[PDB]
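**Q** Sharing a structure with you now.
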Amino acid sequence: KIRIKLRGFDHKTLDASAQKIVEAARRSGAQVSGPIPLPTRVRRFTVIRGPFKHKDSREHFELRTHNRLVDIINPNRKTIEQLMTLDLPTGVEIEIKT
Amino acid sequence: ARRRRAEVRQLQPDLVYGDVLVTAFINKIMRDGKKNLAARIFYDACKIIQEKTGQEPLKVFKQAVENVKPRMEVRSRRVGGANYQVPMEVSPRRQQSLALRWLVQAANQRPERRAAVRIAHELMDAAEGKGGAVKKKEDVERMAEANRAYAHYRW
Amino acid sequence: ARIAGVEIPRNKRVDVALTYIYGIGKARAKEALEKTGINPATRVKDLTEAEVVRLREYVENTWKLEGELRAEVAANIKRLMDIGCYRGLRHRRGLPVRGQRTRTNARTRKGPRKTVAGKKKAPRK
Amino acid sequence: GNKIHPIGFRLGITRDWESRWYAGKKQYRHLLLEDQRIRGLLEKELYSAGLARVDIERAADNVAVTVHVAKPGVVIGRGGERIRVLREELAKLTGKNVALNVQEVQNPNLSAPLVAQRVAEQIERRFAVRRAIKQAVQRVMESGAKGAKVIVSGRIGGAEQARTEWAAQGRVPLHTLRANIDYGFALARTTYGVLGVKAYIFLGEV
Amino acid sequence: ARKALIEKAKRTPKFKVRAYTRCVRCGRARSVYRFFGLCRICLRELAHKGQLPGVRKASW
Amino acid sequence: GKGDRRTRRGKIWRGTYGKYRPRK
Amino acid sequence: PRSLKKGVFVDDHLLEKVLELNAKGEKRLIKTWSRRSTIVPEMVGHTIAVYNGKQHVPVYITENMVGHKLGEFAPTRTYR
Amino acid sequence: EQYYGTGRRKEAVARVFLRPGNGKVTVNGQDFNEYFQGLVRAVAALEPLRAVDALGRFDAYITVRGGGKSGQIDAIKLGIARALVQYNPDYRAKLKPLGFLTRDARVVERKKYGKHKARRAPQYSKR
RNA sequence: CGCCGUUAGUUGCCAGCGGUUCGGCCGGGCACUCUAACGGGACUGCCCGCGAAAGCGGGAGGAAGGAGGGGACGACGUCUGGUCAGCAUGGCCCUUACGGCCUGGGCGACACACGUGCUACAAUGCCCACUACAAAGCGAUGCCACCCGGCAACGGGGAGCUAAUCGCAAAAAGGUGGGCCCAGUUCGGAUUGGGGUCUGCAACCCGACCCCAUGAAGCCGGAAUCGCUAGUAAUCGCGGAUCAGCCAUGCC
Ligand SMILES: [Mg+2]
Ligand SMILES: [Mg+2]
Ligand SMILES: [Mg+2]
Ligand SMILES: [Mg+2]
Ligand SMILES: [Mg+2]
Ligand SMILES: [Mg+2]
Ligand SMILES: [Mg+2]
Ligand SMILES: [Mg+2]
Ligand SMILES: [Mg+2]
Ligand SMILES: [Mg+2]
Ligand SMILES: [Mg+2]
Ligand SMILES: [Mg+2]
Ligand SMILES: [Mg+2]
Ligand SMILES: [Mg+2]
Ligand SMILES: [Mg+2]
Ligand SMILES: [Mg+2]
Ligand SMILES: [Mg+2]
Ligand SMILES: [Mg+2]
Ligand SMILES: [Mg+2]
Ligand SMILES: [Zn+2]
């Protein structure tokens with residue numbers, strides 16, 4: 001039962017996890033529940049376009065946070081060895097609570 | 001409407017009589033978009049007409065609306081000095097719009113407390129040929145053909 | 001009948017009629033009816049003498065209503081003024097007290113308007 | 001008023017951000033404020049090397065910091081004296097062990113940040129605006145670039161009345177996201193006052 | 001703002017109540033976001049230079 | 001109306017609770 | 001309809017300065033800047049000169065003005 | 001044995017299940033006239049059934065989620081129309097002309113700035 | 001945003017089933033909904049009429065038709081438009097202060113006047129009760145469930161959450177039943193008296209909130225004038241940024 005959470009500001013960078021971790025044993029060792037998407041908390045920052053007056057201008061900025069679950073039962077010895085320290089993404093964070 | 005000729009938007013038929021004219025009347029009664037409360041009023045009126053008249057309710061509505069439709073009306077227009085009320089026919093589209101509107105307006109002038117009672121007695125008074133709704137129609141018609149001395153300004 | 005000081009509300013619900021008494025409002029009303037078991041809906045003209053007496057003997061010997069209440073309030077504000085109090089000076093001027101903006105909307109506490117010279121050579125908006 | 005930053009307008013596509021790194025709601029403001037302290041310092045020191053964009057990444061308490069310059073030579077230093085003390089002051093701000101890198105710019109005439117920084121140095125140095133600009137657009141246009149444009153603000157020539165000098169070539173479809181248009185701005189502190197200089201270079205399409 | 005006033009992180013401000021945000025990039029004490037430590041002007045400026053990670057221009 | 005503190009809709013609007021609008 | 005909870009507040013500037021005069025006698029003028037302090041019983045008689053932003057106005061404290069704040073007796077703005 | 005259809009409208013989704021039965025409609029557990037109790041519109045949802053003289057020829061278990069009873073009323077009317085075409089593909093020659101198959105796409109228009117309600121612009125004076 | 005498919009099922013469900021404290025609560029499948037990555041789909045493409053062509057009217061298939069709907073985007077330039085109090089920046093002026101520091105006061109003054117709004121004048125309404133439906137967002141030195149005390153604001157207790165897995169939440173207009181009966185009223189809730197909670201070193205000037213009492217003007221508004229063409233107007237309520245708290249009836 002391997003539970004690893006995946007946060008991130010970019011949704012293509014997170015994918016650099018699913019197509020990399022599920023390559024151990026999807027139909028041989030464990031089952032691999034696969035990467036679940038989960039909702040994505042959005043942050044909006046609305047700002048007045050210019051300095052001084054002009055209240056009716058404004059521009060919108062959002063900071064979308066994407067999520068991933070994964071979760072894989074059967075913490076195989078050899079399967080974990082590989083999917084241990086062979087990553088690449090820089091705009092991703094991981095949490096583990098298997 | 002400077003570009004398009006504007007197309008009338010047909011509305012969903014009645015959920016009882018199936019008549020589309022009926023829905024229209026309900027929309028006029030509706031305020032703040034409370035369609036339910038609206039319909040709940042119109043139908044409540046059809047009940048009040050069934051006991052007052054042995055005749056079916058839809059027969060009354062049809063009659064009422066028809067009596068309240070103006071054949072002619074005046075429409076202001078500058079011609080070279082002041083404003084001139086020029087008489088002229090009223091298109092079928094408009095006759096309907098006005099009848100229904102006036103009906104609902106005179107309706108809420110009656111003293112009766114219950115809304116449904118106001119529409120009911122008002123529809124009945126309309127088919128009978130009486131009632132303030134039919135007055136407006138009469139006064140508008142009396143308005144034109146009272147200015148025939150300008151009817152040559154078609155417009 | 002007279003429940004509170006010279007009070008004669010009739011032809012109406014007891015809990016509503018009671019409101020016409022001075023220091024009595026919706027709360028005290030439906031409260032005095034429960035603590036005296038009097039059906040709130042009943043019309044005053046339909047109250048038992050026995051019930052009226054209970055209401056009378058209660059409402060008067062339980063709260064401070066009418067004139068005597070006006071007296072205390074009239075007295076309280078007078079106190080605020082006698083002492084150099086701030087709220088006091090406000091009561092003297094006839095201006096709001098609960099810290100409200102007086103550049104506009106102080107009508108209720110200032111009565112009808114006292115329109116005077118508001119402009120002469122500048123945007124009269 | 002009109003016209004939004006052409007990069008901020010493309011950040012999404014055809015213009016990856018300038019610092020890719022997640023950060024929770026509680027730390028972000030810090031990791032961000034730090035980026036500035038850094039980006040700022042480097043920007044002032046490595047001036048002469050002429051920098052384009054200081055990209056920054058973050059990991060398990062780590063810091064990328066890849067300065068894109070045209071004269072890496074002057075960046076590194078003799079045998080490694082410049083590239084040395086820098087990581088000495090950087091790691092002081094960031095106790096996360098800040099690696100540091102230096103990249104070569106394949107021609108500094110397609111680096112709006114530079115082309116603008118260029119014309120700016122000329123103006124601060126009493127040059128003739130219209131000319132500097134005509135040349136700049138040329139050089140840029142000289143080495144590829146499907147289009148280019150340079151804009152100098154006002155007080156052109158020390159004059160009392162501020163103005164704006166145009167000059168552009170080829171295409172510059174600002175209204176197209178699928179454009180990849182580099183943008184560069186440069187001040188020009190002079191004896192009479194400031195003078196903005198914006199630089200636009202249009203390269204590649206889809 | 002003036003330099004003398006810049007000092008939100010002055011620490012021990014006597015009472016937590018006297019402490020106030022203030023922009024970390026311009027000193028602006030009038031519309032500083034908590035998530036950014038910046039004011040609405042700077043938030044707009046840097047976001048345009050993609051210097052605020054992940055911060056994009058919204059649109060729906 | 002939304003202006004009556006000691007009323008249902010009065011509390012809703014003012015976004016509060018009390019005798020005129022318990023929590024549950 | 002005032003409110004301060006359960007813990008009547010008063011600034012010890014005078015709170016501890018008044019309790020002293022109660023160990024000797026009266027006192028003429030006690031200029032303060034603490035109009036935050038809720039006048040306590042142990043003040044009646046003393047003449048505290050409250051500040052208005054411009055001057056110190058003497059306010060004779062009386063049994064009548066117990067829980068009232070010193071500022072309430074020292075008007076700030078000047079109207080006609 | 002049982003036929004299904006989705007159906008959506010203005011933020012409302014309702015799953016529709018039809019089974020050759022009597023006619024009862026188990027909407028979210030309650031009877032139809034129980035969930036859409038006292039809303040002169042409900043009769044609408046069941047309309048498509050009347051398009052093919054069915055109704056008592058089927059039975060329908062429906063679950064709704066999202067929006068308002070009136071939005072749901074239409075979503076439901078779309079399921080009762082699709083699940084019906086799954087039962088019989090030839091049930092489009094009639095069920096379609098009336099439009100019952102089109103998915104009402106009108107949605108709450110976004111709220112723009114400098115405006116009170118999206119389009120509703122603030123009012124002014126001197127101008 | 002609108003339809004369909006693929007990929008992934010700690011959202012989902014009697015779909016067909018077996019366990020029921022009959023709560024999808026355990027088993028358990030992920031089908032459907034949803035989540036979100038990606039992908040398909042319309043192109044006047046087809047039929048008919050008109051046309052030199054572009055294209056215009058009309059029709060079928062289709063979730064969608066001919067710019068399907070809403071955004072982001074705003075040319076050369078004009079207004080010597082706005083801002084040097086965001087920030088830079090040339091010039092000018094200040095030094096023992098046109099710097100700095102505090103405590104307090106002021107920006108909250110009011111005889112008046114205007115803009116923008118809120119709440120109303122009520123019965124297609126108001127009150128009470130019971131009861132059904134959202135979306136998007138938020139949760140630390142916080143969001144706060146079911147508990148206890150208080151009419152209550154709230155106080156003490158204390159579970160879960162670290163948040164599609166807990167909480168804010170009750171959505172409100174709605175529906176059902178009952179009350180009011182046309183009255184300045186069970187319309188309206190201004191103002192003022194009293195008692196109290198909370199945040200804060202501290203609420204007099206200058207906070208919000210609760211409860212009792214008070215219960216104003218207002219019976220739909222002169223000249224004139226504003227918004228809006230469809231899920232629009234109108235109407236109903238919910239969230240958030242700022243933020244200890246809050247004068248937000250503002251803004252998004
Ligand atoms: Mg505009
Ligand atoms: Mg715009
Ligand atoms: Mg000189
Ligand atoms: Mg400064
Ligand atoms: Mg503060
Ligand atoms: Mg009321
Ligand atoms: Mg001392
Ligand atoms: Mg709306
Ligand atoms: Mg699908
Ligand atoms: Mg079973
Ligand atoms: Mg053709
Ligand atoms: Mg365009
Ligand atoms: Mg001000
Ligand atoms: Mg209790
Ligand atoms: Mg009722
Ligand atoms: Mg009106
Ligand atoms: Mg309104
Ligand atoms: Mg707040
Ligand atoms: Mg609100
Ligand atoms: Zn700033």
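A note on labels: chains of the structure tokens are A, B, ... as shown, every chain counts residues from 1, and ligands are counted from 1 in their shown order.
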Go through the chains and note each residue within 10 Å of ligand 11, using only C-alpha atoms (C1' of nucleotides) and all ligand atoms, then give the set as a list in words.
**A** residues 44, 53, 54 and 55 of chain I
**Q** Go through chain H and collect every residue that DSSP, computed from the backbone, puts in alpha helix (DSSP H); the answer should be as a list in words.
**A** residues 32, 33, 34, 35, 47, 48, 49, 50, 51, 69, 70, 71, 72, 73, 74, 75, 76, 77, 78, 79, 80, 81, 82, 83, 84, 85, 86 and 87 of chain H
**Q** Would you put the residues from that selection into a file with N, CA and C atoms, as a CSV table (one decimal), in the first residue's frame?
**A**
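Written file, part17.csv:
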chain,number,residue,atom,x,y,z
H,32,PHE,N,-41.8,10.7,-7.8
H,32,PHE,CA,-41.7,11.8,-8.6
H,32,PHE,C,-42.4,13.0,-8.0
H,33,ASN,N,-43.8,12.8,-7.9
H,33,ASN,CA,-44.7,13.8,-7.3
H,33,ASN,C,-44.3,14.2,-5.9
H,34,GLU,N,-43.2,13.5,-5.4
H,34,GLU,CA,-42.7,13.8,-4.1
H,34,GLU,C,-41.5,14.7,-4.1
H,35,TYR,N,-40.6,14.5,-5.1
H,35,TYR,CA,-39.4,15.3,-5.2
H,35,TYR,C,-39.6,16.6,-5.9
H,47,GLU,N,-42.4,14.2,-20.3
H,47,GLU,CA,-42.9,14.4,-21.6
H,47,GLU,C,-42.4,13.5,-22.8
H,48,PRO,N,-41.1,13.3,-22.9
H,48,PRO,CA,-40.6,12.4,-24.0
H,48,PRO,C,-41.3,11.0,-24.1
H,49,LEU,N,-41.7,10.5,-22.9
H,49,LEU,CA,-42.4,9.2,-22.8
H,49,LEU,C,-43.7,9.3,-23.6
H,50,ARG,N,-44.4,10.5,-23.5
H,50,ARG,CA,-45.7,10.7,-24.2
H,50,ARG,C,-45.4,10.9,-25.7
H,51,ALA,N,-44.2,11.1,-26.0
H,51,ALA,CA,-43.8,11.3,-27.4
H,51,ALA,C,-44.0,10.0,-28.2
H,69,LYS,N,-33.9,22.2,-8.8
H,69,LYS,CA,-34.9,21.3,-9.2
H,69,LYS,C,-35.4,21.6,-10.7
H,70,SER,N,-35.4,22.8,-11.0
H,70,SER,CA,-35.9,23.2,-12.4
H,70,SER,C,-34.8,22.8,-13.4
H,71,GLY,N,-33.5,23.0,-13.1
H,71,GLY,CA,-32.5,22.6,-14.0
H,71,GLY,C,-32.5,21.1,-14.2
H,72,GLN,N,-32.6,20.4,-13.0
H,72,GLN,CA,-32.7,19.0,-13.0
H,72,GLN,C,-33.9,18.5,-13.8
H,73,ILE,N,-35.1,19.2,-13.7
H,73,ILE,CA,-36.3,18.8,-14.5
H,73,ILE,C,-36.0,18.6,-15.9
H,74,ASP,N,-35.1,19.4,-16.5
H,74,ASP,CA,-34.7,19.3,-17.9
H,74,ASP,C,-33.7,18.2,-18.1
H,75,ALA,N,-32.7,18.1,-17.2
H,75,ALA,CA,-31.7,17.1,-17.4
H,75,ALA,C,-32.5,15.7,-17.4
H,76,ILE,N,-33.4,15.6,-16.5
H,76,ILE,CA,-34.2,14.4,-16.4
H,76,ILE,C,-34.9,14.1,-17.7
H,77,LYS,N,-35.4,15.2,-18.3
H,77,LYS,CA,-36.1,15.0,-19.5
H,77,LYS,C,-35.2,14.6,-20.7
H,78,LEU,N,-33.9,14.8,-20.5
H,78,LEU,CA,-33.0,14.4,-21.6
H,78,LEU,C,-32.6,12.9,-21.4
H,79,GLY,N,-32.6,12.5,-20.2
H,79,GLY,CA,-32.2,11.1,-19.9
H,79,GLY,C,-33.4,10.3,-20.4
H,80,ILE,N,-34.6,10.6,-19.9
H,80,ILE,CA,-35.8,9.9,-20.3
H,80,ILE,C,-36.0,9.9,-21.9
H,81,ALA,N,-35.2,10.7,-22.6
H,81,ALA,CA,-35.2,10.7,-24.0
H,81,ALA,C,-34.1,9.8,-24.7
H,82,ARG,N,-32.9,9.8,-24.0
H,82,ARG,CA,-31.8,9.0,-24.5
H,82,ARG,C,-32.0,7.6,-24.2
H,83,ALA,N,-32.1,7.3,-22.9
H,83,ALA,CA,-32.3,5.9,-22.4
H,83,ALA,C,-33.4,5.3,-23.3
H,84,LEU,N,-34.3,6.1,-23.9
H,84,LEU,CA,-35.4,5.7,-24.7
H,84,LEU,C,-34.9,5.3,-26.1
H,85,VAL,N,-33.9,6.0,-26.6
H,85,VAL,CA,-33.3,5.7,-27.9
H,85,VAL,C,-32.5,4.5,-27.8
H,86,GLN,N,-31.9,4.2,-26.6
H,86,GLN,CA,-31.1,3.0,-26.4
H,86,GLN,C,-32.0,1.8,-26.4
H,87,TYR,N,-33.2,2.0,-25.8
H,87,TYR,CA,-34.2,0.9,-25.8
H,87,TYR,C,-34.6,0.6,-27.3
**Q** Throw together the list of residues within 12 Å of ligand 6, counting only C-alpha atoms (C1' of nucleotides) and all ligand atoms, and drop it here as JSON, numbers by chain.
**A** {"C": [26], "F": [1, 2, 3, 4, 5, 6, 7, 8, 9, 10], "I": [120, 122, 125, 126, 127, 180, 185, 186, 187, 188, 189, 215]}
**Q** Can you list, as number ranges by chain, every protein, DNA or RNA residue that comes within 12 Å of residue E:15 when you count only C-alpha atoms (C1' of nucleotides), leaving out same-chain residues fewer than 5 positions away?
**A** E: 10, 20; I: 200-202, 244
**Q** Quick one: distance from atom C1' of residue I:32 to atom CA of residue H:25 in Å, one decimal?
**A**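 The value is 18.2 Å.
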**Q** Could you give me the residues within 9 Å of ligand 14, counting only C-alpha atoms (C1' of nucleotides) and all ligand atoms, as a list in words?
**A**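 Counting only what the definition allows, namely only C-alpha atoms (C1' of nucleotides) and all ligand atoms, the set is residues 148, 149, 150 and 151 of chain I.
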